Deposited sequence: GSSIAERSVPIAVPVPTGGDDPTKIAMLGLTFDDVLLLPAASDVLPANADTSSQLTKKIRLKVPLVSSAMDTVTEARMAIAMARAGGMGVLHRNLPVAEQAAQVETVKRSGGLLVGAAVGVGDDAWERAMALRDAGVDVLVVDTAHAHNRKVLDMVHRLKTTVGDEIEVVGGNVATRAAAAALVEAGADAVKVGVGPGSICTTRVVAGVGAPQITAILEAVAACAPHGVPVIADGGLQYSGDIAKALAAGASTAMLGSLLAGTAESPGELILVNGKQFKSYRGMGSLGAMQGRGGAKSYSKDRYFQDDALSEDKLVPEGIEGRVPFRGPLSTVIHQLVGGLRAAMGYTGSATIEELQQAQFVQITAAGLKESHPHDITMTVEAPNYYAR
C-alpha cells in the first residue's frame, strides 16, 4: 500500500470537504428567482427554505425558532436548560401562529421525560442530538420515540459520518439522518480525539444509505458560505443545519460584544467548557454581528438560487443530481 502497511482498507477513503469542490455549471433554463427552494426536512415535513438553525445555546431559542419558521426554515431548540423551560420555549413558538418547531433531546436519563414534555408542548420534530449516533442507546431512543409518538412527531437522529451509521439510523426508524462528526466551526473533536470525517464525503456516504430508503439527510456543520449550502445539497443532503452562519444575527441568544471597534456575538460549542458548566470538544468564540436573521437568510438563499440557476436545477431534487469538479489548494 503506497501510504504504508499491507492493508488497503486501513486508510479507507479520501475525504473531501466543501472547499475541495465546486459545482459545475450545466445546461439551464432556470432563473434564480424562479427556482423552487423547497425541500424535505424529514420524510413528512417539507420546508420552503432548506435551512435549520443549530440546537445550540448561542444560536436557537424561541426568538430564533420563530424567525427561522417565518423565513421558511425551522429552528431546533437547544436542550441546555431545564425541561420545563425548553417546553415553554416550544409553546412560545406555537403561540406565534402555525409555525414549525423542533427541539433537541439527548439519551441520558432525563431524555425521555424531556421528549414527552416537548410532545405535550406541541413540538413538530424531535432531534435525538448526539455526537455519535452509531450506538445502541441512540438507536433505541430513536426507535422508541418513533414507535410511541411517531404518528404526530417526526424523529431525527444524528450525528453520523459513515454509510453504516446512517444505515443503522434508517433501520431504527429515523425520519431524517443528520450528518456531521467533527466539521463544526467551533469543533475541536478533530484535534482532541483525532476523529472526524470531511463533510462532502460524509454526506455522499450517508446519502448512499439514506436516499434508497427515502430518508432525507441534514448536513450539519462546517458550512461557512452560502455556496456551501449548494454544495451540501448537491452532494445529496436535503437540508443544511447552520450554527456559525446564524450565530451573529439579532435573533440569536446573547448580547452584542464590542472589540477593537467591531461588533460581535459570542458563539460557543455545546462541548465547550462554558456550555458544559472535563474534556471539552468545542471552543468558546465569537462571530461578526450580522444584523437581522431575515436578511442573512435572504443572502444565503440568494446564493443557493444562484447555484440552482448555474446548474439548471429547478428544484432541490434536481440540485441533488448536480456534478462537482475537485479543486487543488492553488485554486479557491
From the N-terminus onward, what segments of the deposited sequence lack any C-alpha atom in this model? 1 to 14, 292 to 314, 370 to 389
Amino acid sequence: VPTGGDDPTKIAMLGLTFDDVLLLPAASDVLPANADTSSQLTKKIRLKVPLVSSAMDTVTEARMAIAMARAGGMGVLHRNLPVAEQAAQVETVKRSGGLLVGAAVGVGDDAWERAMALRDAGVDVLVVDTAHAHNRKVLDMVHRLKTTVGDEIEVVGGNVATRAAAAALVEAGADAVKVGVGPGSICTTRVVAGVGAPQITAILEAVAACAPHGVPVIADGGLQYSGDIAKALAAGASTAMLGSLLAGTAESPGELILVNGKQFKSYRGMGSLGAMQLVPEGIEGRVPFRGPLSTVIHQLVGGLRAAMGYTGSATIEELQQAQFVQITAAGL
From here on, numbers count along this sequence of modelled residues.
Would residue 278 be found without coordinates in at least a third of the other compared entries? yes
255 to 263 set against 233 to 241, stretch whose average Cα temperature factor tops the other in the entry: 255 to 263
Mean temperature factor over C-alpha atoms, higher-scoring stretch between 204 to 212 and 90 to 98: 90 to 98
Of the residues 223, 165, 104, 149, the one whose Cα carries the largest B-factor in the deposited record is 149
Selection by C-alpha B-factor (highest) of 219, 192, 176, 153: 153
Splitting the chain's C-alpha B-factors into thirds, which one does residue 282 fall into? middle
Split the chain's modelled residues into thirds by Cα B-factor; is residue 71 in the lowest, middle or highest one? middle
Pull the Cα B-factor of residue 305 out of the PDB entry and bin it into the chain's lowest, middle or highest third. lowest
Lowest, middle or highest third: where is residue 276 by Cα B-factor in its chain? highest
Among the modelled residues of its chain, does the C-alpha B-factor of residue 56 lie in the lowest, middle or highest third? middle
